[PDB]
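Quick heads-up: the structure tokens below are two forms of one chain, split into structure 1 and structure 2.
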Structure 1
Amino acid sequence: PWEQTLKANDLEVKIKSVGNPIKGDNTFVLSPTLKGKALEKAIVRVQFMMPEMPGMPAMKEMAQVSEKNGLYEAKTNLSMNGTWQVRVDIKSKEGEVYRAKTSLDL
């Protein structure tokens, strides 16, 4: 499974796919920590997008995110194969705002 550890300001975000990422339905699990302490009850948003490029207009998919057993589960539908940019936006319970970026090849 696809897995990466991202840095978002002072925050560490581990992201892992449930299975191999493919065109269609996808599930990802996110584990955000701040100085080693897991971020609980946070607002987590995950956006997948392919930027505007020669021959292809920009497209964006917003994941449905839910918190389960201390982890954040992001479900989305990726309508086509190709390279997808991943943007993670987190707002902690205290109001702190963090952002991390990466990309994956489908």
Structure 2
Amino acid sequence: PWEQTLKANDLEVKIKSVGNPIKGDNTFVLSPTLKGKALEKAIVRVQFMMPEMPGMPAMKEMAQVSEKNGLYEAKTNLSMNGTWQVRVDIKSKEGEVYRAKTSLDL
């Protein structure tokens, strides 16, 4: 199952697909940590984007994010195969802002 660990100094964000990523409805779980400590009650946004291509417009999907105790479930529908750019935006409960990027080659 697809997973990437994103590192930005003291910020680590593991993002893992729940099951294998598919065309259709997808669930990913993100575990953002600062010096290994879970970021709870954070604003977590996850965007999946495909640039414009022959026969299709640029596509942007914002995931629906829910938290349980520092684990964030990001639900999205990926309507087609191909490369999706993944952008993770985090505002901690303390107000610090972080961004991290990866990619999903579906």
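Throughout, residue numbering runs from 1 along the sequence of structure 1. Shifts are known only where both forms have a C-alpha. Heads up, when I say rigid core I mean the largest set of C-alphas that superpose within 1.5 Å between the two forms.
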**Asked** For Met80, is the CA shift between structure 1 and structure 2 at least 2 Å following rigid-core superposition?
**Response** no
**Message:** So that I can tell if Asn20 moves, could you say whether its C-alpha shifts by at least 2 Å between structure 1 and structure 2 after the core superposition?
**Reply:** no
**Request:** Would you say whether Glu52 is displaced between structure 1 and structure 2, judging by a C-alpha shift of 2 Å or more on the superposed rigid core?
**Result:** yes
**Request:** After aligning on the rigid core, report the distance the C-alpha of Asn9 travels between structure 1 and structure 2, in angstrom.
**Result:** 4.9
**Request:** Give me the C-alpha shift of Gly70 between structure 1 and structure 2, core superposed, in Å.
**Result:** 2.6
**Request:** Look at the Cα of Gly36 between structure 1 and structure 2 with the rigid core superposed and state its shift in Å.
**Result:** 1.0
**Item:** Core-superposed comparison between structure 1 and structure 2, runs of at least 3 residues with CA shifts of 2 Å or more
**Value:** 8-10, 52-57
